[PDB]
Each structure stands twice: as C-alpha cells, then as structure tokens.
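Below is data.csv, holding CSV, C-alpha atoms and all ligand atoms.
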chain,number,residue,atom,x,y,z
A,4,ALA,CA,7.6,-28.0,-17.9
A,5,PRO,CA,10.4,-29.1,-20.4
A,6,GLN,CA,13.7,-27.8,-19.0
A,7,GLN,CA,14.3,-25.8,-22.1
A,8,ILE,CA,11.1,-23.8,-21.6
A,9,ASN,CA,11.8,-23.6,-17.9
A,10,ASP,CA,15.3,-22.2,-18.5
A,11,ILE,CA,14.6,-19.5,-21.2
A,12,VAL,CA,11.6,-18.3,-19.2
A,13,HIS,CA,13.3,-17.9,-15.9
A,14,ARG,CA,16.5,-16.5,-17.3
A,15,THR,CA,14.6,-13.9,-19.3
A,16,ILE,CA,11.9,-13.0,-16.7
A,17,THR,CA,13.8,-12.9,-13.5
A,18,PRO,CA,16.1,-10.1,-14.7
A,19,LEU,CA,13.1,-8.2,-16.1
A,20,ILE,CA,11.2,-8.3,-12.8
A,21,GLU,CA,14.1,-6.8,-10.9
A,22,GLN,CA,15.2,-4.3,-13.5
A,23,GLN,CA,11.6,-3.0,-13.8
A,24,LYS,CA,10.9,-3.7,-10.1
A,25,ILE,CA,7.6,-5.6,-10.9
A,26,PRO,CA,5.7,-6.6,-7.8
A,27,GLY,CA,4.1,-9.7,-9.4
A,28,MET,CA,4.0,-11.5,-12.7
A,29,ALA,CA,2.5,-14.6,-14.4
A,30,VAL,CA,3.6,-15.9,-17.7
A,31,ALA,CA,2.2,-18.7,-19.9
A,32,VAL,CA,4.1,-20.1,-22.8
A,33,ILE,CA,2.1,-22.1,-25.3
A,34,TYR,CA,4.5,-24.6,-26.9
A,35,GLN,CA,3.3,-27.0,-29.6
A,36,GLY,CA,-0.2,-26.0,-28.5
A,37,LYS,CA,0.2,-26.8,-24.7
A,38,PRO,CA,0.4,-24.2,-21.9
A,39,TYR,CA,3.2,-24.0,-19.3
A,40,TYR,CA,2.7,-21.6,-16.4
A,41,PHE,CA,5.1,-19.5,-14.3
A,42,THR,CA,4.5,-17.0,-11.5
A,43,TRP,CA,6.6,-14.7,-9.3
A,44,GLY,CA,6.0,-12.3,-6.5
A,45,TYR,CA,3.0,-10.5,-5.2
A,46,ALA,CA,-0.6,-9.9,-6.2
A,47,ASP,CA,-1.0,-7.9,-3.0
A,48,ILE,CA,2.1,-6.6,-1.4
A,49,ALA,CA,0.4,-5.5,1.8
A,50,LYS,CA,-1.5,-8.7,2.4
A,51,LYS,CA,1.5,-10.8,1.2
A,52,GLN,CA,-0.7,-12.6,-1.3
A,53,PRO,CA,1.3,-14.3,-4.0
A,54,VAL,CA,0.6,-14.3,-7.7
A,55,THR,CA,-1.0,-17.7,-8.6
A,56,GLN,CA,-2.5,-19.3,-11.7
A,57,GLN,CA,-5.8,-18.0,-10.5
A,58,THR,CA,-4.7,-14.4,-10.0
A,59,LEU,CA,-6.7,-11.8,-12.0
A,60,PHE,CA,-4.7,-9.0,-13.7
A,61,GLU,CA,-6.2,-5.9,-15.5
A,62,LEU,CA,-5.5,-6.5,-19.2
A,63,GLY,CA,-5.8,-2.8,-20.3
A,64,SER,CA,-5.7,-2.7,-24.1
A,65,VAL,CA,-5.3,-6.4,-24.6
A,66,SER,CA,-9.1,-6.2,-23.9
A,67,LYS,CA,-9.3,-4.7,-27.5
A,68,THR,CA,-8.5,-8.2,-28.8
A,69,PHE,CA,-11.7,-9.5,-27.2
A,70,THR,CA,-13.7,-6.5,-28.5
A,71,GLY,CA,-12.3,-7.2,-32.0
A,72,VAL,CA,-13.2,-10.9,-31.9
A,73,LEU,CA,-16.7,-10.1,-30.5
A,74,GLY,CA,-17.2,-7.6,-33.3
A,75,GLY,CA,-15.9,-10.3,-35.7
A,76,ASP,CA,-18.5,-12.7,-34.3
A,77,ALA,CA,-21.3,-10.2,-34.8
A,78,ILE,CA,-20.2,-9.8,-38.5
A,79,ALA,CA,-20.2,-13.6,-38.9
A,80,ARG,CA,-23.7,-13.7,-37.5
A,81,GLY,CA,-24.8,-11.3,-40.1
A,82,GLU,CA,-25.8,-8.7,-37.5
A,83,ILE,CA,-23.4,-5.9,-38.7
A,84,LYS,CA,-21.0,-5.3,-41.6
A,85,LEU,CA,-17.7,-3.5,-41.4
A,86,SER,CA,-18.7,-1.6,-44.6
A,87,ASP,CA,-21.7,-0.1,-42.8
A,88,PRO,CA,-21.9,3.6,-41.9
A,89,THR,CA,-21.6,4.3,-38.2
A,90,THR,CA,-24.9,6.2,-38.4
A,91,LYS,CA,-26.7,3.0,-39.3
A,92,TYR,CA,-26.3,1.8,-35.7
A,93,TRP,CA,-26.5,5.2,-34.1
A,94,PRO,CA,-29.2,7.2,-36.0
A,95,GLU,CA,-28.8,10.3,-33.7
A,96,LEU,CA,-25.3,10.7,-34.9
A,97,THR,CA,-26.4,13.2,-37.5
A,98,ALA,CA,-23.4,15.5,-37.6
A,99,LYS,CA,-22.1,15.6,-41.2
A,100,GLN,CA,-18.5,14.6,-40.5
A,101,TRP,CA,-19.8,11.1,-39.9
A,102,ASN,CA,-21.0,10.6,-43.5
A,103,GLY,CA,-18.3,8.2,-44.7
A,104,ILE,CA,-17.0,6.8,-41.4
A,105,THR,CA,-17.8,3.1,-41.3
A,106,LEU,CA,-17.6,0.4,-38.5
A,107,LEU,CA,-14.2,-0.6,-40.2
A,108,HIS,CA,-12.8,2.9,-39.5
A,109,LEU,CA,-13.9,2.8,-35.9
A,110,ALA,CA,-12.5,-0.7,-35.3
A,111,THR,CA,-9.1,0.1,-36.8
A,112,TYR,CA,-8.5,3.6,-35.5
A,113,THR,CA,-8.8,5.1,-39.0
A,114,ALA,CA,-11.9,7.3,-38.7
A,115,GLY,CA,-9.9,10.6,-39.0
A,116,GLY,CA,-8.4,11.4,-35.7
A,117,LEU,CA,-10.9,10.2,-32.9
A,118,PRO,CA,-9.0,10.9,-29.7
A,119,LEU,CA,-7.0,8.4,-27.7
A,120,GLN,CA,-9.2,9.0,-24.6
A,121,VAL,CA,-12.9,9.6,-24.2
A,122,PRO,CA,-12.9,12.8,-22.0
A,123,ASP,CA,-13.3,12.2,-18.2
A,124,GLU,CA,-16.3,14.5,-18.2
A,125,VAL,CA,-18.2,12.3,-20.6
A,126,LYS,CA,-20.1,10.2,-18.1
A,127,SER,CA,-23.6,9.7,-19.4
A,128,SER,CA,-25.2,8.4,-22.6
A,129,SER,CA,-26.1,11.9,-23.8
A,130,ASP,CA,-22.6,13.1,-22.9
A,131,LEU,CA,-21.2,10.4,-25.2
A,132,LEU,CA,-23.5,11.4,-28.1
A,133,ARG,CA,-22.6,15.1,-27.6
A,134,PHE,CA,-18.9,14.2,-27.6
A,135,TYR,CA,-19.0,12.3,-30.9
A,136,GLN,CA,-21.3,14.8,-32.6
A,137,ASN,CA,-18.9,17.7,-31.7
A,138,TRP,CA,-15.7,15.8,-32.6
A,139,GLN,CA,-14.0,17.4,-35.6
A,140,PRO,CA,-11.9,15.0,-37.7
A,141,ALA,CA,-8.4,16.2,-38.8
A,142,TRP,CA,-8.3,13.8,-41.7
A,143,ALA,CA,-10.5,12.0,-44.1
A,144,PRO,CA,-11.5,8.5,-43.1
A,145,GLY,CA,-9.2,5.7,-44.1
A,146,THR,CA,-6.1,7.8,-44.5
A,147,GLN,CA,-4.3,7.8,-41.1
A,148,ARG,CA,-4.2,5.6,-38.0
A,149,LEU,CA,-4.3,7.2,-34.5
A,150,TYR,CA,-4.6,4.6,-31.7
A,151,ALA,CA,-7.7,5.4,-29.8
A,152,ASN,CA,-10.1,4.1,-27.1
A,153,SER,CA,-12.8,6.5,-28.4
A,154,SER,CA,-12.5,4.7,-31.8
A,155,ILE,CA,-12.5,0.9,-31.0
A,156,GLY,CA,-14.6,1.6,-27.9
A,157,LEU,CA,-17.4,2.9,-30.0
A,158,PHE,CA,-17.1,0.1,-32.5
A,159,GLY,CA,-17.6,-2.4,-29.6
A,160,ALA,CA,-20.7,-0.6,-28.3
A,161,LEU,CA,-22.3,-0.4,-31.7
A,162,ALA,CA,-21.3,-3.9,-32.8
A,163,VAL,CA,-23.6,-5.5,-30.1
A,164,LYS,CA,-26.6,-3.2,-30.7
A,165,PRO,CA,-28.5,-5.5,-33.1
A,166,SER,CA,-28.1,-8.3,-30.6
A,167,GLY,CA,-29.9,-6.3,-28.0
A,168,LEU,CA,-27.5,-7.5,-25.3
A,169,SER,CA,-25.3,-5.2,-23.3
A,170,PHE,CA,-21.6,-5.3,-24.3
A,171,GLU,CA,-20.8,-7.4,-21.2
A,172,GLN,CA,-23.7,-9.9,-21.8
A,173,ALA,CA,-22.7,-10.4,-25.4
A,174,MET,CA,-19.0,-10.8,-24.4
A,175,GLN,CA,-19.8,-13.4,-21.7
A,176,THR,CA,-22.3,-15.4,-23.8
A,177,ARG,CA,-20.6,-15.2,-27.2
A,178,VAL,CA,-16.9,-15.2,-26.3
A,179,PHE,CA,-16.0,-16.0,-22.7
A,180,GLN,CA,-18.5,-19.0,-22.2
A,181,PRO,CA,-17.9,-20.8,-25.5
A,182,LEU,CA,-14.2,-20.6,-24.9
A,183,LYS,CA,-14.4,-21.7,-21.3
A,184,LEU,CA,-12.9,-18.4,-20.0
A,185,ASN,CA,-14.6,-18.9,-16.6
A,186,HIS,CA,-12.3,-16.6,-14.8
A,187,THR,CA,-12.3,-13.6,-17.3
A,188,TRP,CA,-14.5,-10.6,-16.4
A,189,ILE,CA,-15.5,-7.1,-17.5
A,190,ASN,CA,-16.6,-6.6,-13.9
A,191,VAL,CA,-15.0,-8.7,-11.2
A,192,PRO,CA,-17.7,-10.5,-9.1
A,193,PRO,CA,-17.3,-10.3,-5.3
A,194,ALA,CA,-16.7,-14.1,-5.4
A,195,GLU,CA,-13.5,-13.5,-7.3
A,196,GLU,CA,-12.2,-10.4,-5.4
A,197,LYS,CA,-9.7,-12.3,-3.3
A,198,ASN,CA,-7.9,-13.2,-6.6
A,199,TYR,CA,-7.9,-9.7,-8.0
A,200,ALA,CA,-4.3,-8.5,-7.8
A,201,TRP,CA,-3.7,-4.9,-6.9
A,202,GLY,CA,-2.0,-2.7,-9.6
A,203,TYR,CA,1.0,-0.6,-8.4
A,204,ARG,CA,1.7,2.9,-9.6
A,205,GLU,CA,4.4,4.8,-7.8
A,206,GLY,CA,4.1,2.4,-4.9
A,207,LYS,CA,0.3,2.9,-4.4
A,208,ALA,CA,-2.1,0.0,-4.8
A,209,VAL,CA,-4.6,0.9,-7.6
A,210,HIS,CA,-7.4,-0.6,-9.7
A,211,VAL,CA,-8.6,0.8,-13.0
A,212,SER,CA,-11.2,3.6,-12.6
A,213,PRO,CA,-14.6,3.5,-14.3
A,214,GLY,CA,-14.9,5.5,-17.5
A,215,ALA,CA,-17.0,5.8,-20.6
A,216,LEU,CA,-16.5,2.9,-22.9
A,217,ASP,CA,-14.1,1.3,-20.5
A,218,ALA,CA,-15.6,-2.2,-20.9
A,219,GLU,CA,-15.1,-1.9,-24.7
A,220,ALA,CA,-11.6,-0.4,-24.8
A,221,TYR,CA,-9.7,-1.7,-21.7
A,222,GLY,CA,-12.0,-3.4,-19.2
A,223,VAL,CA,-11.2,-7.1,-19.2
A,224,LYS,CA,-9.6,-8.7,-16.1
A,225,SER,CA,-8.3,-12.3,-16.5
A,226,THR,CA,-6.0,-15.1,-15.2
A,227,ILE,CA,-2.9,-16.5,-16.8
A,228,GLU,CA,-4.8,-19.8,-17.5
A,229,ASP,CA,-7.7,-18.1,-19.2
A,230,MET,CA,-5.2,-15.9,-21.2
A,231,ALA,CA,-3.3,-19.0,-22.2
A,232,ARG,CA,-6.6,-20.5,-23.4
A,233,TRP,CA,-7.4,-17.2,-25.3
A,234,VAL,CA,-4.0,-17.6,-27.1
A,235,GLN,CA,-4.7,-21.3,-27.9
A,236,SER,CA,-8.1,-20.2,-29.5
A,237,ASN,CA,-6.5,-17.5,-31.5
A,238,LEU,CA,-3.7,-19.9,-32.6
A,239,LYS,CA,-6.2,-22.4,-33.9
A,240,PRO,CA,-9.6,-20.8,-34.5
A,241,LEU,CA,-10.6,-23.6,-36.9
A,242,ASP,CA,-10.6,-25.9,-33.8
A,243,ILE,CA,-13.5,-23.9,-32.3
A,244,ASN,CA,-17.0,-25.4,-32.5
A,245,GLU,CA,-19.0,-22.2,-32.5
A,246,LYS,CA,-19.0,-21.3,-36.2
A,247,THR,CA,-19.6,-17.6,-35.9
A,248,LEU,CA,-16.9,-17.4,-33.2
A,249,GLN,CA,-14.4,-19.4,-35.3
A,250,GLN,CA,-15.0,-17.0,-38.1
A,251,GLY,CA,-14.9,-13.9,-35.8
A,252,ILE,CA,-11.4,-14.9,-34.7
A,253,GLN,CA,-10.2,-15.2,-38.2
A,254,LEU,CA,-11.8,-11.8,-39.1
A,255,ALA,CA,-9.9,-10.1,-36.2
A,256,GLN,CA,-6.6,-11.4,-37.5
A,257,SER,CA,-7.3,-10.3,-41.1
A,258,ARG,CA,-5.0,-7.4,-42.3
A,259,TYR,CA,-7.0,-4.3,-43.1
A,260,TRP,CA,-4.3,-1.6,-43.2
A,261,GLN,CA,-0.6,-1.4,-43.3
A,262,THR,CA,1.8,1.1,-41.7
A,263,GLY,CA,5.5,0.3,-41.9
A,264,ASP,CA,5.9,-3.4,-41.1
A,265,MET,CA,2.8,-3.6,-39.1
A,266,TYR,CA,-0.8,-4.7,-40.2
A,267,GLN,CA,-3.9,-3.6,-38.3
A,268,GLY,CA,-6.5,-6.3,-37.5
A,269,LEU,CA,-9.5,-5.9,-35.3
A,270,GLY,CA,-7.9,-5.5,-31.8
A,271,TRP,CA,-5.0,-7.6,-32.9
A,272,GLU,CA,-1.9,-6.2,-34.7
A,273,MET,CA,0.3,-8.3,-36.9
A,274,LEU,CA,3.7,-8.4,-38.7
A,275,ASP,CA,4.9,-11.0,-41.1
A,276,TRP,CA,7.0,-13.8,-39.5
A,277,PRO,CA,9.9,-13.9,-39.2
A,278,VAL,CA,10.0,-10.4,-37.9
A,279,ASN,CA,12.9,-8.1,-37.0
A,280,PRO,CA,12.6,-7.7,-33.3
A,281,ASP,CA,13.5,-4.1,-33.8
A,282,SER,CA,10.5,-3.6,-35.8
A,283,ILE,CA,8.1,-5.2,-33.3
A,291,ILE,CA,5.1,8.4,-27.7
A,292,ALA,CA,1.7,9.6,-26.3
A,293,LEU,CA,0.1,10.2,-29.7
A,294,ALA,CA,1.5,8.9,-33.1
A,295,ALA,CA,-0.4,9.8,-36.3
A,296,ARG,CA,0.6,7.4,-39.0
A,297,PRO,CA,-0.5,7.3,-42.6
A,298,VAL,CA,-1.9,3.9,-43.5
A,299,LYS,CA,-2.1,2.0,-46.8
A,300,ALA,CA,-5.4,0.2,-47.3
A,301,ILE,CA,-5.2,-3.6,-48.0
A,302,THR,CA,-7.9,-4.0,-50.7
A,303,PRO,CA,-9.5,-6.4,-50.0
A,304,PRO,CA,-8.2,-7.4,-46.5
A,305,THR,CA,-5.8,-10.3,-46.3
A,306,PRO,CA,-7.3,-13.3,-44.4
A,307,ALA,CA,-5.5,-14.3,-41.2
A,308,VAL,CA,-1.8,-15.2,-42.3
A,309,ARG,CA,-0.3,-18.2,-40.3
A,310,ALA,CA,3.2,-16.9,-40.8
A,311,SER,CA,2.6,-13.8,-38.6
A,312,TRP,CA,3.7,-12.5,-35.2
A,313,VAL,CA,0.3,-11.5,-33.8
A,314,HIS,CA,0.4,-9.4,-30.7
A,315,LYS,CA,-1.1,-6.7,-28.4
A,316,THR,CA,0.3,-4.6,-25.6
A,317,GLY,CA,-1.9,-3.4,-22.8
A,318,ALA,CA,-1.8,-1.3,-19.8
A,319,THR,CA,-3.8,0.4,-17.0
A,320,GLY,CA,-2.4,2.8,-14.3
A,321,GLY,CA,-1.1,-0.2,-12.3
A,322,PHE,CA,-0.8,-3.1,-14.8
A,323,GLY,CA,1.2,-4.0,-17.9
A,324,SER,CA,0.4,-6.9,-20.3
A,325,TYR,CA,1.5,-8.4,-23.4
A,326,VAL,CA,0.3,-11.3,-25.6
A,327,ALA,CA,2.1,-12.5,-28.8
A,328,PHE,CA,1.8,-15.7,-30.8
A,329,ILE,CA,2.8,-17.2,-34.1
A,330,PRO,CA,0.1,-19.4,-35.7
A,331,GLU,CA,2.5,-21.2,-38.0
A,332,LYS,CA,4.6,-22.5,-35.1
A,333,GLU,CA,1.8,-23.2,-32.5
A,334,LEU,CA,3.8,-20.9,-30.3
A,335,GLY,CA,2.7,-18.1,-28.0
A,336,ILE,CA,3.2,-16.2,-24.8
A,337,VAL,CA,1.3,-14.1,-22.3
A,338,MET,CA,3.0,-11.9,-19.8
A,339,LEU,CA,0.8,-10.3,-17.0
A,340,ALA,CA,2.3,-7.9,-14.5
A,341,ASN,CA,0.8,-5.6,-11.8
A,342,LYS,CA,3.1,-2.7,-12.8
A,343,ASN,CA,2.8,-0.7,-16.0
A,344,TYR,CA,6.5,-0.9,-17.3
A,345,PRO,CA,8.0,0.0,-20.7
A,346,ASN,CA,6.5,-1.8,-23.7
A,347,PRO,CA,9.9,-2.3,-25.4
A,348,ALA,CA,10.9,-4.4,-22.3
A,349,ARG,CA,7.8,-6.6,-22.7
A,350,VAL,CA,8.4,-7.2,-26.4
A,351,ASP,CA,12.1,-7.8,-25.9
A,352,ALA,CA,11.5,-10.6,-23.3
A,353,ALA,CA,8.7,-12.1,-25.4
A,354,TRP,CA,10.9,-12.3,-28.5
A,355,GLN,CA,13.9,-13.7,-26.5
A,356,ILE,CA,11.6,-16.5,-25.2
A,357,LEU,CA,9.7,-17.3,-28.4
A,358,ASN,CA,12.7,-17.0,-30.7
A,359,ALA,CA,14.6,-19.5,-28.5
A,360,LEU,CA,11.7,-22.0,-28.8
A,361,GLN,CA,10.9,-21.7,-32.5
B,401,LIG,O1,-4.3,5.6,-15.7
B,401,LIG,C1,-3.5,5.2,-16.6
B,401,LIG,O2,-2.3,5.6,-16.6
B,401,LIG,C2,-4.0,4.3,-17.7
B,401,LIG,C3,-3.1,3.8,-18.7
B,401,LIG,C4,-3.6,2.9,-19.7
B,401,LIG,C5,-5.0,2.5,-19.7
B,401,LIG,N1,-5.5,1.6,-20.7
B,401,LIG,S1,-5.8,2.2,-22.3
B,401,LIG,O3,-6.7,3.3,-22.2
B,401,LIG,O4,-6.4,1.1,-23.1
B,401,LIG,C6,-4.3,2.8,-23.2
B,401,LIG,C7,-4.1,4.1,-23.6
B,401,LIG,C8,-2.8,4.2,-24.2
B,401,LIG,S2,-2.2,3.0,-24.2
B,401,LIG,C9,-3.1,2.1,-23.6
B,401,LIG,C10,-2.8,0.6,-23.4
B,401,LIG,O5,-3.7,-0.2,-22.7
B,401,LIG,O6,-1.7,0.2,-23.8
B,401,LIG,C11,-5.9,3.0,-18.7
B,401,LIG,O7,-7.2,2.5,-18.7
B,401,LIG,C12,-5.4,3.9,-17.7
As a first step, turn the structure in this file into structure tokens.
Amino acid sequence: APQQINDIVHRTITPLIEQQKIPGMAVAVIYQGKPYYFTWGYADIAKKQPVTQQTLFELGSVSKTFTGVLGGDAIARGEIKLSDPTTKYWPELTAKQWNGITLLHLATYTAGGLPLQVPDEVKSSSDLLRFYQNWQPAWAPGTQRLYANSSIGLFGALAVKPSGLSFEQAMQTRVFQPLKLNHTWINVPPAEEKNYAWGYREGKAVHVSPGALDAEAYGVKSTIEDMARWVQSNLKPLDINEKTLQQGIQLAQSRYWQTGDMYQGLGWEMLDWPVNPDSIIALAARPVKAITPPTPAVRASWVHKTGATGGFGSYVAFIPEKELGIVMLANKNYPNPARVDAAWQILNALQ
C-alpha cells in the first residue's frame, strides 16, 4: 500500500489495539476506490491463529446495513412499499396500536418505542406475534427514534415475505451473490469455521447466541475483503449491474429523518460532509424531524454504522464524494467513540 496509507493506518491503529487491549483486528481502507488491507493479532488466542484477510468477524449491528439494502431491493422490485402498513404483511397483527405503523417506521426505529431487544423468552413464531401484539407504544409513530433490533429486525422479516424466500435465502441470492460476497454469512458453514474468529468478553472466547430476529438485526459474519467490497458497492451503487440492487443501495442511503446532525437511512446513518468529528447510553429516545420527501443519497456525506456483539466491535464509514472509506473489525467490543476517533483520524488524513 502507498506509504501514506500505511503510515496513518499503523500509527492510528497500533495505539488503539493496545489501549483497548484488542486481541485481533482487520482494517480495510478504500482509497480512490481501491482497497488496502491490514491485520493484527489473534483470531483465536488459545489456538494461536492470527487474524488474516479471510478471518470472519461478527458484524453485530453493521448487519443492519445489509438488511436495509435488502429491504431497499425488495422496494425496487415492487414487492413492498415503505408507505405500506405493517399489517399488510402480517395480517394477524390485529392489535389496534399498529394502525398507522408503516414499514418505514419499522426500518427507521420510529414506530413509537419498540424495544432495543426482542425478549430472550421470545423463541417461537407465536411468541414473536404475541410480543408485537402486546407491545404498547409510548409515542405516536414518526415522532421519536429509539434504536431497536425489534424494529428493524421485524422490517427485515416482513420485507422478504412477498418473495417467499427465507430472510437468509433472499440475502444470499439478492445481495451477497450479486456483489460477490462469497465469504459473508448469516450462518457460518462448517467449511468456513476454521476462519471464524472467536469474540472476547472479559477474557472468555464467545460467539453470538441465537435469538429471535438475530439474522435480521445482527447476524452477519464477514471478512475484511468482503466488507471492503460492501463499502465499494455502497460508495458507487450506480456501478452495480443488478438494477433493483443498485436502486436498493441508493434507497438505504436516502435521508428519512433528522435528529441533530444525523440523518437516518435504512440501516445506514449519515451526516453531511465535512462533519465535525465531535458530532459523529443504553437507551436514547430522540425526537426526529421528518424529511418530506426523503432526500436521495447525498454524495457529500459521512455514511456510517457501528456494530457489536458480546465479543466483537465493528465500524464502517465512507464518503461517496471522495471515493473514500474504512472498515474496522475487532474481536473485542470496545467503546464506539474510540472506533469513530480512529476512523476519522485515518479518513481525514487521506481526504
Ligand atoms: O451480548 C451482548 O453484549 C451483545 C451486544 C450487542 C449485540 N448486537 S445488537 O443487538 O445489534 C446492539 C444492541 C445495542 S447496540 C448494538 C450494536 O450492534 O451496536 C448483540 O447481539 C449481543
């Protein structure tokens, strides 16, 4: 890699890894549209396996960006509409609080207070229905944002219903395969297990546990090369052959709501570029202003998403206008501000 990229990356990441005590990390910088890879440490401390360009890391919430683009693709196909009532795709959702809650609200955490987590006891299809039927909103739809897996997770599950495919089948065939993400999985195949890094939480090796709507809200596992390719696709959607996929990417980067300096897309979150790095809590309810109608993907934006699981910590950020981006995958869930600080240090130096 160009010495400049080599230098800002190592000078920024090496101190981060030791300050946060990260067992292993992989980073990709997309510069002028080309990827440059870097890796450090261990994928498996006990087995002394290093982190490589083929190592799989749990993406946690960065998985929501795939869910948003898949939903976007379904909209482009004419299979669903964001303006459609949730009950249209789930008829047995007869409880009256749902009148008025659209797929848009579900996709953007604006349904009225759906919880961050789907309860651990919800572990069956009927359990899931019971849960949503009994949920009591705190607010009217389209008034406040409360980040939630029970919200975008449900959007993902309903978005693929017309297709008839399971969420994993639709993700593989409509998003992973067309984009050549051949080492990105919702469920890691035994063939790829030797590359699946262990997560580390308080010194213990851990992998994400199964849970309702896990696939849809935080279940993707991927490599630094496939994530670099995911960023390239999002940086230049118009370069994608598949028409509905190309449009689905643009729809996921459209600005539906605003809270402070941040704009909510489908999965992705955006801020106007240049951004104040300062501008880039277990539960934060924030009033949102509707963007009517939604602003189409803005090239001068810092588009990003943080993600975590018990044992992993991820971050992706890119700036379309500069053909610039970064992916940071670690097998330790460490503070988000540390992620964003290192990302900005690197991208600001290269812009
Ligand atoms: O077990 C855990 O501590 C744990 C933490 C996050 C997580 N991933 S998550 O549910 O998508 C999430 C909740 C709040 S933030 C995030 C995120 O990804 O940034 C998960 O599936 C398990």
For ligand LIG 401 (chain B), list the contacting residues at 8 Å or closer, counting all atoms listed in the file, as a short mmCIF file (atom, residue, chain, number, x, y, z; two decimals) with C-alpha atoms, in the frame of the given file.
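Once written, out_14.cif looks like this:
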data_model
loop_
_atom_site.label_atom_id
_atom_site.label_comp_id
_atom_site.auth_asym_id
_atom_site.auth_seq_id
_atom_site.Cartn_x
_atom_site.Cartn_y
_atom_site.Cartn_z
CA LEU A 62 -5.50 -6.50 -19.20
CA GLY A 63 -5.80 -2.80 -20.30
CA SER A 64 -5.70 -2.70 -24.10
CA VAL A 65 -5.30 -6.40 -24.60
CA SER A 66 -9.10 -6.20 -23.90
CA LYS A 67 -9.30 -4.70 -27.50
CA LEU A 119 -7.00 8.40 -27.70
CA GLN A 120 -9.20 9.00 -24.60
CA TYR A 150 -4.60 4.60 -31.70
CA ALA A 151 -7.70 5.40 -29.80
CA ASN A 152 -10.10 4.10 -27.10
CA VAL A 211 -8.60 0.80 -13.00
CA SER A 212 -11.20 3.60 -12.60
CA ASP A 217 -14.10 1.30 -20.50
CA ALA A 220 -11.60 -0.40 -24.80
CA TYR A 221 -9.70 -1.70 -21.70
CA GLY A 222 -12.00 -3.40 -19.20
CA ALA A 292 1.70 9.60 -26.30
CA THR A 316 0.30 -4.60 -25.60
CA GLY A 317 -1.90 -3.40 -22.80
CA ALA A 318 -1.80 -1.30 -19.80
CA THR A 319 -3.80 0.40 -17.00
CA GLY A 320 -2.40 2.80 -14.30
CA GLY A 321 -1.10 -0.20 -12.30
CA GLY A 323 1.20 -4.00 -17.90
CA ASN A 343 2.80 -0.70 -16.00
#
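Across the structure, CA of residue 270 in chain A and CA of residue 359 in chain A are spaced 26.7 Å apart.
Among A:96, A:20, A:109, A:49, the residue with the shortest atom-to-atom distance to residue 135 in chain A, counting only C-alpha atoms, is A:96.
The nearest approach to residue 94 in chain A among the residues A:213, A:353, A:161, A:337, with all atoms listed in the file taken into account, belongs to A:161.
What separates CA of residue 310 in chain A from CA of residue 276 in chain A is a distance of 5.1 Å.
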